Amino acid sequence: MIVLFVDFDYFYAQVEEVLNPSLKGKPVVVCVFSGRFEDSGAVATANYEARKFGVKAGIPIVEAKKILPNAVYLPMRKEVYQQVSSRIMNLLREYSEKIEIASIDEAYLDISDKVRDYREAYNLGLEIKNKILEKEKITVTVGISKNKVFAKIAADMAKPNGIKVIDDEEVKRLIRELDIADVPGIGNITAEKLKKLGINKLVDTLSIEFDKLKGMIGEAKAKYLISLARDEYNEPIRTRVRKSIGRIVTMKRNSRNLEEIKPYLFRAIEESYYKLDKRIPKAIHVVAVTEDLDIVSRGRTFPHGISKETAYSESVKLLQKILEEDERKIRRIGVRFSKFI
């Protein structure tokens, strides 16, 4: 089996450049402003010029202006990045049939019935890696290996504007030389946990006992790391369909007043329904982020689809159920819809 992985480079910031070439060369920073005050939000993306000075996704806009006060701060425009993304996907879908769109900027192509030999694949990369830019002017990275995971790991290493292959021999070298923190699916919390057990390489997962491991990262996660280490990881490429659509907003003031919240919650719902498009959800969750950034949320599932009217109706019950089962003040409130018909 041969998996080819494409990943659009510094995507949001890269699109704002295609749309405004002048920016190419200068530090660009796409961010999300909440509203509580001027320049209050987080950074979503930054091109490499901005990154090499310490600006990366996740940090406070304030903390970034204090580093590159003279950088171009642009507001995020997801609807645009989504359309540009959709065109390229369709552009990718002309190489394989077996295709898995992971996110707005990633995709896995099972280029197996279209190719052989790694060399034959690599070439296919430089190809894809070139039609995209010809037609859309976007630069991407390609990674290719035996399974989904190593193909990604490859692309991570080989970025930016790269292409790279990890044959079966190189995989073996990695299963024992690569930091676990760098395995897809593993994050800060689970990462800073495997240490507490004495694991830093995929290979370690074989030493530790299954029950010990199973109890810090989880049974699913555990089985996942073991499989990669035994080199038994092999998941078919496929589809993936949004199983949930929702929206959350930050209120100008943290509050516990049902009347104050209601308007923000209703804005979330109306926005949510628009995105639902022609999909009927049978479940709904009200979601709230406390001021210490916790997330609490109550939902209800229905034996049939939900109408905006029922949605407006039920959400208020859920918003209360919450306000009761807890004590903290609310900062952000929103809704999520799932179990589509």
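The numbering used is simple: start at 1 and walk along the sequence shown. So that the term is clear: the rigid core is the largest set of C-alpha atoms that superpose within 1.5 Å between two forms.
Across the superposed structures in 8 other deposited structures of this protein, aligned by the core, the stretch whose Cα atoms lie more distant on average is 197-205, chosen from 83-91 and 197-205. Comparing 186-194 with 102-110 in 8 other deposited structures of this protein, after superposition on the rigid core, the stretch with the greater RMS C-alpha deviation is 186-194. Once the C-alpha B-factors are averaged per stretch, 141-149 and 191-199 rank with 191-199 first. For the pair 245-253 and 200-208, the record assigns the higher mean C-alpha temperature factor to 200-208.
Within the listed group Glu120, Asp156, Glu270, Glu79, the record reports its top CA B-factor for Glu120. Among the modelled residues of the chain, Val30 sits in the lowest third by CA temperature factor in this PDB entry. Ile330: CA B factor lies in the highest third for its chain, per the PDB record. Split the chain's modelled residues into thirds by C-alpha temperature factor. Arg36 is in the highest one. Among the modelled residues of the chain, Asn161 sits in the middle third by CA temperature factor in this PDB entry. Compared with the other modelled residues of the chain, the Cα B-factor recorded for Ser112 ranks in the highest third.
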